[PDB]
């Protein structure tokens, strides 16, 4: 029924709004650390960065739990979905926080890093691809509810590997897909290609994430210690 789809759009939208501060509500602020030029790794910047990443992973687990039916999946499956889509979601998130004129990305506490800093923070040689994905996202002009539904679709995916009940996850995802097309089309009738464009972003995102995981391998050798436990949880996927 439509009321249910509408209900689903509102829930997800709020789940997302409540776990991911919009950019325009963020009290932006800066740092003067290695803004100068690129280097292998600025350890102060990496600490702040990984600390923010850890918190966003928890926020993501929170978001997932507010998605109808997630909590009804086996705990093994829930964990399986989180490990598999978490990096993808992190990517879509800072990328949706891109500011083209300043060429910066803003983290959840308002920390705004310029391209050199994101590099020094840890993205290293993957920075420009990240910024390139961010840029190629702007044309879509997705709103909060669309980014939330899309992240929900990235997460609830029955094609994951250790799924115990992949069929249950597919059925959970189904309404999310309906929700996104209905909403995307309603908000913009004149742009029929938005739904499929957004769906194709999922595949790109997954592409930048595998690269990001590979970036983590190298990163591990640059840091004078182990990466935060929640981040490692995510990387062991």
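Numbering follows the first chain given and starts at 1.
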*Greater mean Cα temperature factor according to the PDB record, 207-215 or 171-179*: 207-215
*Pick between 188-196 and 33-41: the one whose mean CA B-factor in the entry is higher.*
33-41
*From 67, 26, 61, 53, pick the one with the largest CA B-factor in the entry?*
26
*Taking the C-alpha B-factors as the PDB entry records them, is residue 114 in the lowest, middle or highest third of its chain?*
middle
*What third of its chain's C-alpha B-factors does residue 83 belong to: lowest, middle or highest?*
lowest
*Using the B-factors in the PDB entry, rank residue 135's C-alpha atom against the chain and give the third, lowest, middle or highest.*
middle
*Select lowest, middle or highest to describe the third in which the CA B-factor of residue 102 falls within its chain in this entry.*
highest
*asked:* Splitting the chain's C-alpha B-factors into thirds, which one does residue 230 fall into?
replied: lowest
